[PDB]
Amino acid sequence: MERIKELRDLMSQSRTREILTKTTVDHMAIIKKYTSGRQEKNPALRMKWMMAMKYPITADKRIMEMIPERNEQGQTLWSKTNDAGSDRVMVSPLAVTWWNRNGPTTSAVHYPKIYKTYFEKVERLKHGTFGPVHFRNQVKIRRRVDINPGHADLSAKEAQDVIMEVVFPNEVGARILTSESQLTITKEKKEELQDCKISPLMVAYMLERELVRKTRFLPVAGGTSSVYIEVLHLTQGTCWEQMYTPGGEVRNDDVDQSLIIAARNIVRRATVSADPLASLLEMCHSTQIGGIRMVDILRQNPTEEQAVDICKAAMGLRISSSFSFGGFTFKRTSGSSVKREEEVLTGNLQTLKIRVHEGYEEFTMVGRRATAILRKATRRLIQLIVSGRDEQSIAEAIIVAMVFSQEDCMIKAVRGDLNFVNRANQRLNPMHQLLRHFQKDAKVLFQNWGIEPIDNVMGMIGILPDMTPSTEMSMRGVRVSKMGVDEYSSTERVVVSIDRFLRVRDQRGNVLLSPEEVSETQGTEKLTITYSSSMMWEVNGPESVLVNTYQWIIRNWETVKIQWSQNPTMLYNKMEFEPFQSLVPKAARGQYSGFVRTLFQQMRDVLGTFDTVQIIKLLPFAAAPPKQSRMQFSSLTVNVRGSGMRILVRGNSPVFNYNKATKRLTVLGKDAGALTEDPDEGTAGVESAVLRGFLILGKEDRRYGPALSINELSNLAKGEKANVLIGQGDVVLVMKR
Amino acid sequence: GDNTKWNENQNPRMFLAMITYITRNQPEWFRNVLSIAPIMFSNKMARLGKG
Amino acid sequence: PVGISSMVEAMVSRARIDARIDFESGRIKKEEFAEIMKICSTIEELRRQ
Amino acid sequence: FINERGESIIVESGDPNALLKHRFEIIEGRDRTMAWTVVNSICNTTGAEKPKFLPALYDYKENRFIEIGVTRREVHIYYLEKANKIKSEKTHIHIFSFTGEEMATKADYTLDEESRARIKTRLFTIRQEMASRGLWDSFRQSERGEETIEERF
RNA sequence: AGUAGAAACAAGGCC
RNA sequence: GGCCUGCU
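Residues numbered from 1 in each chain as written, not as in the entry; some residues may be left out. Chains lettered and ligands numbered in written order. Part of a larger assembly, values for the part shown. Heavy atoms only, no water.

Method-wise, the PDB entry is recorded as coming from cryo-EM, at a reported resolution of 4.23 Å.

Quick look at the structure:
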């Protein structure tokens, strides 16, 4: 209502009426930006020179009544002098800090919602886990990536339209949404903003920031997933590198993409390996992705891919079927077949023996960027339909089908040097060699296949040798189509054998996989590939001495757990913890020892407190002769590369982390044994083996005052509860004994 | 390498020739609105300065 | 903002439509509707001068 | 001018009242921005389906739009083009040719026949003036190119 | 004098 | 002396 009253008052005057009437809606932008003050050419100089003056800030007129003229001392906070070309009055930064320390309060509970992207970023960073740092050359290739972690797959204009419809329903204009996905996201947003008190402009800006997708050109090497590119400055260097696992939406898509690329790489490397089976097994057991081990995902996620299936079978777990050909996945759906072990000649007159199959049979081709369905007979193709995306995809599918047909029209087309021996001097599969030869270009296979008539049924399009559709005469048996997906996703995982050279086979005797099918494409992982291999323990690295020590105490846990309780002095003075002690610095051995022994002793004293991780962690430090002391520690240093790696008493670390899900212990990126569940594990929230003379009753409470620190706790006395901030910025309650 | 006196040699009439060759077989209005810029730059007067 | 209608005319049209829709289903009642409509009428009269 | 209930007084001239309650809300001749703003506002408040193209007027008692056109070509072709243009048409369509031929959808002419006669007289007088001038044939043969706009820089 | 370098500052406008 | 400016 007051809008029209203000409009009337404004138009009452002459100049205001003239500007109101003459100017049209289009000129509003020009009138808004109409200003005499030009932009700063050197903002830094002006800012440095302006803060020296009094009143270098401009604030709305409301300051006049919201903030006093002067603070307690008498320093002016605002001046009635007006700005150059506005009603804003001039104030000094004293005004800003006065507002911050005395200004009206408010409930900011909705602030995390409005800026949800930044708080989600902090959430990811807080829950992220680090690993060892590797010094090694980085091939910093430059490519385009996505910088928005949660882009909603919308163009800038489409995103603007969605924002305007969500926040400004009436101003949407002529635009009407079309895609059902847009409508779904619009409804999702509208439901959650049915009542929001913040200004519409802020909501619109937030939706624009968290919907529009952003792309920038960066020198990335490893990653490219929007979550990884966010922290690119922390996991990528000129010579150094680090493994980082963002603590966020471990989306199945990203995990499976990383798994697929890792499978491709491992298979490619195993192909050249002297003993591919053993090397593949050890490397699969000696690598992880995104902080999760390869075996866990492999046994968990079912994902169809030649390399992925190869890894699945290698472990001996349940293995898939539906044989593949030329990188495509074939599923028979009709008929029997028998090989014949026959002999023939080529067009280049080279003689060769092959195995041709019997019977009429239909097949369901599948692939990465194509799809097809085939019907054939003994040595003879019957029909072929294809569903590729691009024209070269259909060409690939067609040449693969022609090779699969084993027709003499293909045999009498082979021309040139096609030697069936590998780099390793291993005779190569004939089929893959033909299929690789016909992938440069299959011109001769096209002019030598044949021609037939067609009924012109369904209005189907004709075939193309070199992009020439022929709607009345065409290749024999071959058809043109474009389906959306193959017949159906197969339903059976089979058993198999493997030769030394990784030639997978089935129960009957047919061939199922081989190192020639591994597509070949060199993709980019989404999650960091923790390809632990050279990354090692030399002949005896910490991954050896240290990592191994923890492994020994894991394996002998059954008698250490009971020797730890009775006669423990004969466990500390043990011949297995001596290589470890050589790494602890000679000055802080006995201090650590007294600390840890007092920990374990008062952990034995009070009942209901037992954590196997603490005992497995702190024993190599109690080996040394005990020197007494009065202080306390948040970590324990061990010298690994003239560098002090700190092992945290309370909680996990990049050097020592026990996963609570898969129960594996992990030292330095190397597995060190599965850890077992003692039934006497006190699940009471109490931790008696973190502080020297103090327990940990639980989480913080605001009654006992602010958070004291580790090095200021001797002030307390008997029975004096208190709060302490320890660990990775975590406050807890403690109690003296 | 590096070109010397780059600005003092790009005659606007060459820009007009390029704009006319780019806009072959285009609506006359578009051709005119594109060609108007070099035509105005060919007759520019450079105001001297503060003095 | 796009459009070629003078600023006063756009403001008055928006006010009239807003009042209309509010009165049709909303808070605005007959008295306020009459007051706002007559204010808009006099604003238009002032414009036309 | 509608009233408390669904009826109108349809005065002749200069008969206002405190209960204005206008029966029609003109949409044509408001500018594209304002026209679309009002269309979206009324569609939101009522919850109807927004017409793809800009209508001419609106019906408040019945809550539907109305499209009105003037044609020099054959009336039936123009009417069917209007009908097929308005997808899933929930809006009444009305056509007024100069010669007097009239049409609509379902023949639901929700208007006083006196208004129809007045508009017919206005169109007939305009036709008389055009014929006296002699531009009527040019208007008849020039409607084809009116919809398209060519830049004339 | 001094800064500074192809032209300037070493205070300027108005009542 | 007073007002006004410290990229106009």
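Text resumes after the structure shown.
Our next topic: the nonpolar core. Looking at soluble globular proteins, one finds that nonpolar side chains tend to be buried together. All names here are of chain A. Membership of the largest hydrophobic core comes to 57 residues, with the highest contact counts inside it found for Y550, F600, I615, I616, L619, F621 and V734. Among residues more than four places away in sequence, those in contact with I616 are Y550, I553, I554, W557, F656, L665 and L675. Counting 38 residues, the second largest nonpolar core, distinct from the first, contains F330, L374, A401 and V414. (Core = buried A, V, L, I, M, F, W, Y, C linked by side-chain atoms within 4.5 Å. Buried < 20%, exposed > 50% of the residue type's maximum accessible area, 1.4 Å probe, protein only. Contact = heavy atoms within 4.5 Å.)

Across the boundary between the two partners, chain C contributes 21 residues, which contact 18 residues of chain A. On the chain C side of the contact with chain A, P1(C), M7(C) and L46(C) bury the most area, a combined 27% of that side's loss. Taken together, chain C and chain A are joined by two salt bridges. Between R14(C) and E171(A) there is a salt bridge, with the nearest N and O atoms lying 3.2 Å from each other. Linking chain C to chain A there are four residue pairs in polar contact. Elements represented by at least two residues in the side of chain C that touches chain A include exactly α1 (7-24) and α2 (30-48) of chain C. Of all the elements, α1(C) adds the most residues to the side of chain C that touches chain A, at eight residues. (Buried area = accessible area lost by both parts, 1.4 Å probe. Salt bridge = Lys/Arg side-chain N within 4 Å of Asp/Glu carboxyl O. Polar contact = N/O pair within 3.5 Å; in protein donor to acceptor, adjacent residues only side chain to side chain. Helix = DSSP H or I, 4+ residues; strand = E, 2+ residues; numbered from the N terminus.)

Residue and element names in this part refer to chain A. Read across the open sheet, the three strands follow the order β25-β26-β27; overall the sheet is antiparallel. The open sheet has two edge strands, β25 (656-658) and β27 (670-674), and neither has a second partner. Sheet twist, expressed as the mean angle between neighbouring strand axes with direction ignored, is 20 degrees. Bridging between strand β26 (residues 664-667) and β27 involves three bridges; their strand directions are antiparallel. Looking at β27, one finds that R664 is bridged to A674. Helix-sheet contacts for helix α21 (residues 545-555) involve β25, β26 and β27, and the interaxial angle to β27 is about 5 degrees. (Pairing = 2+ DSSP bridges. Axes fitted to C-alpha atoms, helices over the stretch in contact; angles between N-to-C directions.)

Next up on the list: helix α10 (residues 180-192) of chain A. Residues and elements named next belong to chain A. Taking 1.5 Å per residue as the helical rise, α10 with its 13 residues ought to reach 18 Å, and the 19 Å between its terminal C-alpha atoms agrees with that figure. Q182, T186 and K189 are the residues of α10 that are buried. Viewed along the axis of α10, the buried residues span an arc of 65 degrees, placing them on a single side of the element. Away from the buried face of α10 by more than 90 degrees, exposed residues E180, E188 and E191 are located. (Expected span 1.5 Å × (residues − 1). Arc of directions from axis to C-beta.)

Here we take up unusual backbone geometry. Residues and elements named next belong to chain A. Backbone geometry at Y55 places phi at a positive 65 degrees, although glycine is not the residue there. By the secondary structure assignment, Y55 is in the loop between α4 (43-50) and β1 (57-59). In this structure, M467 is a non-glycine residue whose phi angle is positive, near 65 degrees. For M467, the location among the structural elements is in the loop between β18 (452-453) and β19 (473-474).

With that settled, the discussion passes to the protein's contact with RNA strand F. All names here are of chain A. The environment of RNA strand F is made up of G37, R38, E40, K41, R46 and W49. The backbone of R38 places a nitrogen or oxygen atom 3.4 Å from a base oxygen of RNA strand F. Within the side chain of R46, an N or O atom sits 3.4 Å from a phosphate oxygen of RNA strand F. Residues of the surface near RNA strand F, tallied by class, amount to one nonpolar, one polar and four charged. (Near = heavy atom within 4 Å. Nonpolar A, V, L, I, M, F, W, Y, C, P; charged D, E, K, R; others polar.)

In this section: the packing of aromatic side chains. Here the structure, examined in full by the defined rule, presents 20 aromatic pairs over all chains. Measuring from centroid to centroid gives 5.9 Å for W564(A) and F610(A), while their planes differ by 75 degrees, and the two rings are edge-to-face. Taken together, the residues span a long stretch of sequence, with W564(A) in the loop between α22 (557-563) and α23 (569-572) and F610(A) in the loop between α25 (589-605) and α26 (612-618) at a distance of 46 residues. Under the relative-accessibility criterion, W564(A) is labelled buried at 5%. Taken together through their ring pairs, the aromatic side chains of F580(A), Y592(A), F595(A), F621(A) and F633(A) make up a single cluster. Cation over ring: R24(B) sits above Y21(B), and NZ or CZ is 4.4 Å from the ring centre. (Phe/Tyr/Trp six-rings, centres within 6.5 Å; stacked < 30°, edge-to-face > 60°. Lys NZ or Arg CZ within 6 Å of the ring centre and 35° of its normal.)

Take the sheet that holds strand β9 (residues 292-293) of chain A next. An order of β9-β8-β22 (chain A) is seen for the three strands of this open sheet, with the pairing classed as antiparallel. Each end of this open sheet is capped by a strand with a single partner; those strands are β9 and β22 (529-530) of chain A.

Contacts are most numerous between chains A and C, considering all four pairs of chains that are in contact. Considering only C-alpha positions, the minimal separation of the non-contacting chain A and chain B is 19 Å. Spatially, chain B is disjoint from chain C: no contact exists, and the shortest C-alpha separation is 23 Å.

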